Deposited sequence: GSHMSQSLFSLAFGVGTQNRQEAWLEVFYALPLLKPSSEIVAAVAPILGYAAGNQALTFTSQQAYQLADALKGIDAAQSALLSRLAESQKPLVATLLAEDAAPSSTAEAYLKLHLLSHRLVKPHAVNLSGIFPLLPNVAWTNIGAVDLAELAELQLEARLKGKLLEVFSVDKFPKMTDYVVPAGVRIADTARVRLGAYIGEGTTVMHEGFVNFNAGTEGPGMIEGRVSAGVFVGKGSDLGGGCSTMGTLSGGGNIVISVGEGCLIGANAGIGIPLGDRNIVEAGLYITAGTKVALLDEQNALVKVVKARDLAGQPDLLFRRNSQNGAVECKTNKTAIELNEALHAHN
């Protein structure tokens, strides 16, 4: 059948050969049968979703079997035949719940390489499949083995820097897509879709399965599953929430430290320092600022051209059209 995805990965394993992470230089959405027929008899692949650990010799086999077909995947596999780490040709048949850390890592590479957009990928059950790892300057270190390597570094007058301890690495250690700025790459997880013309400032955050159409100025927090449409501005410290799936529309402006708990339609504005939730009651207005009625914000969710603001004289949350 027509594969969902395939990728030749180079990862790291804990002392017991359990995977900690895997790097995928050039992952493919819907590979071609000519690439797949070449490698398929080599991987000992038959069908399904398989994470097939393979050898340095086979890397030379594959590099050859792709001479003529897909030079980049071929040139990728030449390089991988020199690899000091272990290899995992991962081949998915369907967009299905991951059944491996190694497939989990492939699937996060698709969002980040922009090969798929948020929610175009099954990330049901993924958390159990991502070992909580020490992210350090030498790479991935298993939590059980850390203190050891920390001490040895100190003896040699050196430092083993531990810059995150989480089940997600930061995206940029695997991929920086085109036209992107990220001031503090600690703040953007792998699995984030950062669209062309997006500038994530130091105060911005972007979770896995979440992000920006591009362009956009993100100075606030983009929660898991949230998507921000083109032309939008998230101000400093502003919050989105992670039931209902929060989204932001096109040309929206969210002021500094504002909070949104409802979907914002296109060309929406939210005043700095205003937190709106689904249950928050809002004093609706008309083309003037005469009252029309009071309503719950949930019932304004998705509406275009709204201006949410706090009346400073009576503490009333207003909305203008």
{"property": "Deposited positions without coordinates, collected into consecutive stretches in sequence order", "result": "1-5, 248-253, 333-347"}
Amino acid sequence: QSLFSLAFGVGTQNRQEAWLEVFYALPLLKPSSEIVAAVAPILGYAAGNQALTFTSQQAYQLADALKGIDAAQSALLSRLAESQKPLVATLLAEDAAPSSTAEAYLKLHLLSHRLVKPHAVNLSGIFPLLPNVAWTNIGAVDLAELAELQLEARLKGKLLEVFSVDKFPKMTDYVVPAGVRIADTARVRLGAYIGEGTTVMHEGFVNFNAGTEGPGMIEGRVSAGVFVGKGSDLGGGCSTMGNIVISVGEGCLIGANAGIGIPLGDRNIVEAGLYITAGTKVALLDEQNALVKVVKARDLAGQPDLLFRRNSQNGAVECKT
From here on, numbers count along this sequence of modelled residues.
item	value
Other PDB entries, at least a third, lacking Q288	yes
Residue range whose averaged C-alpha B-factor is higher in the record, 163-171 or 224-232	224-232
Mean Cα B-factor comparison, 123-131 or 233-241, giving the higher one as deposited	233-241
Which of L29, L26, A51, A65 ranks first by CA B-factor in the deposited coordinates	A65
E94 - Cα temperature factor, lowest/middle/highest third of chain	middle
Position of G249 among the chain's modelled residues by C-alpha B-factor, lowest, middle or highest third	highest
Among modelled residues of the same chain, the CA temperature factor third for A301	highest
Record-listed C-alpha B factor of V22: chain third	lowest
